[PDB]
Amino acid sequence: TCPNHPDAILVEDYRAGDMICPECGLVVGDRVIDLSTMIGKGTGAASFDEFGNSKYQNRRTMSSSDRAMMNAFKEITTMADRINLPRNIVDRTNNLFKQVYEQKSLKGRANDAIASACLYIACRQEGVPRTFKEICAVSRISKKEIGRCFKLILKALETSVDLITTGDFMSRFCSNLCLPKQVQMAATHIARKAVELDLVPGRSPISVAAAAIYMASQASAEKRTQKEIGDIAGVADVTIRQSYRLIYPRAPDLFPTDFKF
Amino acid sequence: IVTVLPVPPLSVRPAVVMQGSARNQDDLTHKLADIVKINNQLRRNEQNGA
Amino acid sequence: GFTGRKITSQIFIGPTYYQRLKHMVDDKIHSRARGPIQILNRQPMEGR
RNA sequence: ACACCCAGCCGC
Ligand SMILES: [Zn+2]
């Protein structure tokens, strides 16, 4: 906006305090620059009525939709703190919840269902997915409702999510089972080889992941029982035996180069 | 006795920065929003008839 | 040290422990010439 | 890139 120089950008000098031209040094503009309330408790007793009650208190109207969003965010925070999620996933969950709530398509379902569905979406989109059963453990909602709500969120908000692979769950399962790094690497190699070689058509990745856990567990000094595997994975012991008896042939090929048998 | 409340201009109660997209307002702006809300509520409730 | 002459007052000299404090002068020197101003009143801002 | 609040510290 420099005179005598049409179409000239002005360098803003936050130290010298001016707006300055890189052809002639003129200055345009002499200097540079740079909803509610709460009513608390009364201090003096002069505000109290004959029955007390202080006569002056916060009405806290703040619309209905803002109240719904605030309760939903409280539910998201107290849900994600239980499995100890980092706050980036919480903020992404809040972003998805606000987009869904302003999309105005899922009024017919409990806000808590949309909340846990957005938690699942945000856990998926960071490359650290949780299982549906892990979300169901820290939520008051059945697996059917969260599945249907997840199906409606992906249909409505028009986004694509990456398909889960077995290797994402391996670190959480081994670490929560307190297994060392060699067990981690061996189990991940077993899971990825079993996926790629095609022993398991249409099997869920959670079952073969826990099967790889059982592989790496029943080959070293430390050993884990079927019940512990089902406790940490959520898959039933029958499903572990199904995956065991179907993965057991061609065992040395699935193992890595060295494991110290 | 006041019957009209003079709202101060944006120079008296300007908006401050933070990271940027906040554009936080002065405390006078927030209280005046509250004043306008309560005054509008009273003005409608005068003929709504509580 | 300048003229090489003896000082006719025998100076008390010796080792003594000294400490360098946090307050260096390059962290305190400060000057202004029509710099930035505040929003609320258009006075100069506070502090180095 | 702020604005309050708090703390610590400097000279007299
Ligand atoms: Zn110019």
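Throughout, chain A uses Swiss-Prot numbering, with the displayed residues spanning 14-47, 80-306 in order.
Any Cβ shown, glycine's included, is placed from N, Cα and C.
Checking A:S92, A:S187, A:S265 against Swiss-Prot, you find phosphoserine recorded for A:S92. Residue-level annotations in Swiss-Prot identify, among A:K86, A:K143, A:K238, A:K238 as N6-acetyllysine. Secondary structure counts, DSSP: the region 'Core promoter DNA-binding' (A:249-252) has 3 helix, 0 strand, 1 coil.
The DSSP secondary structure for A:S92 (phosphoserine) is helix. A:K238 (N6-acetyllysine) and A:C34 (Zn(2+) binding site) have their C-alpha atoms 64 Å apart, to the nearest angstrom. With DSSP classes pooled into helix, strand and coil, the tally for the region 'Core promoter DNA-binding' (A:189-193) is 5 helix, 0 strand, 0 coil. Under 8 Å from some Cβ of the region 'Core promoter DNA-binding' (A:283-286) lie the Cβ atoms of residues 252, 255-256, 259, 271, 274-275, all in the same chain and six or more residues away from its ends. Under the three-state DSSP scheme, A:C34 (Zn(2+) binding site) falls in the coil class.
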